[PDB]
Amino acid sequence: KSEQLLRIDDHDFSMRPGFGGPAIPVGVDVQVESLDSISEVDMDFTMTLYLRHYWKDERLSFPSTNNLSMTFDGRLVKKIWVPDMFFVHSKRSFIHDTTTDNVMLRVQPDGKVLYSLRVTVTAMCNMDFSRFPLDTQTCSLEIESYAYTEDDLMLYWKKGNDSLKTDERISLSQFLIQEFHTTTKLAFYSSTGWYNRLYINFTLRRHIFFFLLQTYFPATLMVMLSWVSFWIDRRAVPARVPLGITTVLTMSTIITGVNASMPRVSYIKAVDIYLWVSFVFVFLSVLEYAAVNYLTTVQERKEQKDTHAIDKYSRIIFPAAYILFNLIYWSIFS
């Protein structure tokens, strides 16, 4: 019997190998299969990957005439001792079990053990949307032992930076993924001790042109369209008056639609400043003609008892101010 060549009943597998002595080293390899989703409101991402472990245990040695290793499944895991890695700062995770548990075990004749499993994990990631939609985000995934400190278990990447592999077809619907690399660091708990921690890092970016076309183009078009009133005859009140209020209504509807399209992040972003500055420009364009009309009526009544200079100066002042605002805005936000 396979479980009789291995002396399962003769050893206490509730304790780590080398109990009471130096720490046992464990090597780790990771292969990333896919990135499933990302949430901007809850600030988390989902990943599916393969996790592998490497260690040696003399209690699992068996006599053999050659180097043929045996293979087992998740049923033997509950009997032998195995590491207890967990994902730090994770929200939820599970191990796939169809059509059975995705667990394998390979034992060398001298006692070397390979332990692999397939897992999906959701982890948190703090994001800053102040520079939206020109922002860039960085995320990380962390692995650590739960029960054993550095004095009992030593955790490291088995092959350095070569221990990380990624699928050729990994992609996201609305982000660009790049710059995968791994690092290590020591963690401290005030009541427990010191622990080793591993990291996997990557970066995300957006598509700029889509957001530009969807947001900045209509606002600029409406602002430029509001300047048309400066060239219409001032005597045509029933034509000059409705144009401004209709432009205001159009801008308000555009802003409402843009707000409805974006995720519910409740603080000021870069796009809001541009939109509301455009709204203020459209607002001032309406008061200009009211002032002009009042002055014309007062002059006519006084006379009773040619282009106005305000239009002539507005035709020059408004585009220059808009260009200056655009220059400052695009110099600040790169």
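Rigid core here is just the name for the largest C-alpha set that superposes within 1.5 Å across the two forms. Numbers for residues come from their place in the sequence shown, where the first is 1.
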- request: Using RMS Cα distance over all structures and residues, flag whichever of 83-91 and 231-239 lies farther from this form in 9 other deposited structures of this protein after a core fit.
  value: 231-239
66-74 against 271-279 - segment lying farther from this form in 9 other deposited structures of this protein (CA RMS, rigid core fit): 66-74
task: Please report whether at least a third of the other compared entries leave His308 without coordinates.
output: no
message: How big is the unmodelled gap, if any, between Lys305 and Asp306 relative to the deposited sequence? Choose none, 1 to 3, 4 to 9, or 10 or more.
response: 10 or more
